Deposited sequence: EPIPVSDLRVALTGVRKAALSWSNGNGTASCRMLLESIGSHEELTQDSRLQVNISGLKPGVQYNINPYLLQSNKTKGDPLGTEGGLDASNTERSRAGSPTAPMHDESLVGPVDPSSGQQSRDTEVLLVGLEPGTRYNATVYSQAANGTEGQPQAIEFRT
């Protein structure tokens, strides 16, 4: 069972853009991110296979249709609150405890 992700950060890199990043423990093989909104902007996506050392560019509405990890979220609805919850995952599938962050684009 892996340790939770560390230093979960978000940078508002644009009107419709947000860059998430975090550090992975040494037993972390991959990460799961549950991304939700808080008017077709309603969103609930479960993104799997996020790997340590890899940067991703993701349009979450498309999918809905070192050893850090970076996720650039694009096409977000401006002025909307979003919640990202990241779960670390060991090789066998066991999940660490979640770490969550809320941001408004």
The answer, as deposited-sequence ranges with no C-alpha, is 39-45, 73-119
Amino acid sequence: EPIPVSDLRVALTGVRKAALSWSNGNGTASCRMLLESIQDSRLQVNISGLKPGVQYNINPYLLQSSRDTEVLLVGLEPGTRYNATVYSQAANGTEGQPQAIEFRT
From here on, numbers count along this sequence of modelled residues.
Name the higher of the two by mean Cα B-factor in the PDB entry, 90-98 versus 11-19. 90-98
Out of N59, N26, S37, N46, which shows the largest CA B-factor listed in the entry? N26
Comparing against every modelled residue in the chain, figure out the third that the C-alpha B-factor of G79 lands in (lowest, middle or highest). highest
Of the three thirds of Cα B-factor ranks in this chain, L50 occupies the middle
